[PDB]
2 protein chains.
Amino acid sequence: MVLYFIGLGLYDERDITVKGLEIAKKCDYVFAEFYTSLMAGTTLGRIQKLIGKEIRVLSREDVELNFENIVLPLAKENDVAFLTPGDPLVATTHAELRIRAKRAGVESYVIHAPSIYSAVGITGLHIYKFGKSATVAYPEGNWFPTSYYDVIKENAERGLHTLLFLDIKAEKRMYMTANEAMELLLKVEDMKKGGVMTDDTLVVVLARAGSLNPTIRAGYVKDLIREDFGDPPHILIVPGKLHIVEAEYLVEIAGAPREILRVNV
Amino acid sequence: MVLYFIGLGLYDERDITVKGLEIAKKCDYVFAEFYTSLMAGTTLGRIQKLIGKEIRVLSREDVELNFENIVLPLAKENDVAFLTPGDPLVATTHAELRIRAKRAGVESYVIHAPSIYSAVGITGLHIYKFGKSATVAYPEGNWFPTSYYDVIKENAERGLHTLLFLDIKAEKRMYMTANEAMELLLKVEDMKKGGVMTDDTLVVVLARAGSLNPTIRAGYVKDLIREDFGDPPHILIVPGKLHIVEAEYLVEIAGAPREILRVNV
Ligand SMILES: Nc1ncnc2c1ncn2[C@@H]1O[C@H](CSCC[C@H](N)C(=O)O)[C@@H](O)[C@H]1O
Ligand code: NA
């Protein structure tokens with residue numbers, strides 16, 4: 001009579017925690033969703049092969065609207081798992097599902113997994129220096145999202161880094177690139193003109209974290225906006241005031257321009 | 001010729017990822033450090049057993065001062081593993097170790113694992129609403145550090161949550177409790193009178209994240225300050241103004257008082 005929210009990690013099926021694999025292996029029913037993020041280094045088959053169970057993949061609608069009609073019911077008489085990319089409660093609304101579980105008299109547990117939210121540490125940027133986070137959403141019709149631009153502004157004013165989750169349309173198989181995010185940022189700059197994002201702004205790109213060779217790059221927008229960072233997923237980071245050691249790492253590991261080593265205190 | 005930075009996860013020996021365990025098992029030498037943090041739900045013995053390798057522990061001085069003399073030499077002719085609690089490179093100084101590897105002509109790769117930075121998602125608080133993070137340090141002698149107080153003030157002022165790491169004397173295996181942290185904050189409030197921390201301030205406590213049975217509690221300092229949250233480690237969070245969905249979660253899952261649905265939303 002239990003429901004397990006188990007994270008699968010960043011890139012491939014091996015990013016799952018041992019705890020997660022052992023518990024999933026013994027669950028009667030295994031559900032999962034692959035719309036909140038993209039695990040570029042694996043397939044549904046490989047995950048099934050690793051867990052030894054058939055996995056019923058759910059759509060956003062199946063979850064957001066019928067989680068308690070598709071998953072919870074079985075959880076009352078069985079050990080059920082619900083898998084998700086990265087960590088199941090980071091930058092998703094899956095947390096609210098634990099409430100649905102409670103109201104259906106189902107016990108739920110959470111098994112964490114490596115998340116892009118902490119994996120940003122590989123960029124060399126002090127993780128405690130990150131401020132509010134935001135998402136760069138794809139413009140739709142006449143609707144053009146811009147809130148993420150103000151978030152960057154507020155963080156930068158306080159010298160804090162800004163982590164930018166990039167949009168994803170799983171059904172359309174669309175994964176926003178750091179390039180598309182930079183384009184959208186420049187366009188919003190022309191509108192708000194707050195001097196938040198310009199050709200000379202320093203940015204950091206992390207692509208395919210979790211893989212053995214993620215792409216880690218830092219540089220000025222003017223130089224990175226057209227660079228090829230490889231297959232998605234990508235996140236874009238707008239650093240605040242750098243610490244000298246953050247700069248050295250960006251230069252030594254992310255190929256950033258040597259000149260950023262000279263910080264203006 | 002290869003150095004692997006492998007994260008051990010949140011609480012016990014099963015919190016390492018499958019990728020990290022397999023790679024660790026294939027390494028000729030395996031180092032670890034338990035000065036940045038400890039794995040409160042396991043032992044060096046249990047981890048050694050799981051990896052099936054002898055694990056040489058390294059002190060803070062071993063890493064910070066002689067990493068290139070103890071670890072890198074061996075990595076030039078073998079596959080070496082360097083294990084750390086949580087997610088690698090989250091501990092402020094570890095990133096520059098990758099620069100040392102580069103200069104020693106050694107290749108390095110990062111194998112991620114869950115970190116408390118993403119694990120706090122289990123509190124039900126939206127991850128994007130967290131602002132700058134801080135650590136609560138014990139006063140001693142004539143030194144009374146209080147920057148963590150200003151961090152809270154600046155985040156809350158912008159409706160952002162503040163993740164507070166509590167002091168730890170790893171070597172002496174001593175932890176600071178959420179209780180002690182709350183007492184310190186009131187003491188600081190009294191000194192700085194900035195109206196940031198009072199008996200009526202809402203806070204969240206997360207203990208033993210990673211365990212299947214963590215302690216998640218939310219309430220006003222006046223009611224939680226002397227509450228027993230159990231064995232360490234403890235994580236204290238000072239939430240900013242809450243979104244209704246966050247409050248409902250704290251109420252239904254963390255046992256927070258209904259009062260928050262009207263007072264803190
Ligand atoms: N391996 C990876 N590399 C780079 N960005 C990633 C990533 N995994 C997720 N993301 C980023 O996060 C977005 C999904 S947001 C959901 C995040 C997920 N629960 C987690 O814990 O990571 C993606 O569109 C992308 O911008
Ligand atoms: Na943060």
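For ligands, and for the atoms within them, numbers begin at 1 and follow the listed sequence. Residue numbering restarts at 1 for every chain, and letters A, B, ... go by the order of the sequence lines. Heavy-atom basis, side chains included; hydrogens, waters and symmetry copies ignored.
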Determine whether the side chain, the backbone, both or neither of [X] has a heavy atom under 4.0 Å from any heavy atom of ligand 1.
{"X": "A:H234", "value": "backbone"}
{"X": "A:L206", "value": "backbone"}
{"X": "A:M176", "value": "neither"}

[X] N/O to ligand 1 N/O under 3.5 Å:
{"X": "A:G86", "answer": "no"}
{"X": "A:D87", "answer": "yes"}
{"X": "A:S115", "answer": "yes"}
{"X": "A:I168", "answer": "no"}
{"X": "A:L164", "answer": "no"}
{"X": "A:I116", "answer": "yes"}

Closest non-hydrogen protein atom to [atom], residue and atom name please, with distance?
{"atom": "atom 17 (C) of ligand 1", "result": "A:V90 O, 3.5 Å"}
{"atom": "atom 2 (C) of ligand 1", "result": "A:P233 CG, 3.4 Å"}
{"atom": "atom 8 (N) of ligand 1", "result": "A:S37 OG, 3.4 Å"}

Distance only, no hydrogens: is a donor on one side chain within 3.5 Å (strictly under) of an acceptor on the other, for A:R98 and B:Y249? yes
Within the 3.5 Å criterion, strictly below it, is a donor on A:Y138 or A:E140 matched to an acceptor on the partner's side chain? no
Donor-acceptor contact below 3.5 Å, side chain [X] vs main chain [Y]:
{"X": "A:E246", "Y": "A:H126", "value": "yes"}
{"X": "A:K192", "Y": "A:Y149", "value": "no"}
{"X": "A:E189", "Y": "A:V196", "value": "yes"}

Going through the distances and angles, do A:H94 and A:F82 end up as a ring-ring contact (aromatic ring centres under 6.0 Å, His included)? CA-CA 10 Å; A:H94 299 324; A:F82 176 53; 5.5 Å; yes
Quick one: does A:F165 get within less than 4.0 Å of ligand 1, heavy atoms only? yes
Have a look at A:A209, A:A40, A:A119, A:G7 and point out the one with the heavy atom closest to atom 3 (N) of ligand 1. A:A209
Distance in Å, [X] [atom1] paired with [Y] [atom2], rounded so as to fall on 0.5 Å steps:
{"X": "A:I51", "Y": "A:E13", "atom1": "CD1", "atom2": "CD", "answer": "9.5 Å"}
{"X": "A:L3", "Y": "A:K102", "atom1": "CG", "atom2": "NZ", "answer": "15.0 Å"}
{"X": "A:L8", "Y": "A:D15", "atom1": "CG", "atom2": "CG", "answer": "9.0 Å"}
{"X": "B:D150", "Y": "B:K132", "atom1": "CG", "atom2": "NZ", "answer": "9.0 Å"}

What one should report as the nearest heavy-atom pair of B:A113 and B:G9 is CB-N, 3.6 Å
Less than 4.5 Å apart, any side-chain heavy atom of B:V120 and any of B:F130? yes
Within the 4.5 Å heavy-atom criterion, are A:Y11 and A:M39 side-chain neighbours or not? no
Pair A:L185, A:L164 - check side-chain contact (heavy atoms from CB on, under 4.5 Å), show working. CA-CA 11 Å; A:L185 280 160; A:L164 295 170; 4.2 Å; yes
Check for me: within less than 3.0 Å of the Na ion (ligand 2), which protein N/O/S atoms show up? A:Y117 OH
Below 4.0 angstrom from a heavy atom of [X], which ligand 1 atoms are there? Numbered from 1 as shown, please.
{"X": "A:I235", "answer": "5 (N), 11 (C), 25 (C), 26 (O)"}
{"X": "A:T36", "answer": "14 (C), 15 (S), 16 (C)"}
{"X": "A:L166", "answer": "23 (C), 24 (O), 26 (O)"}

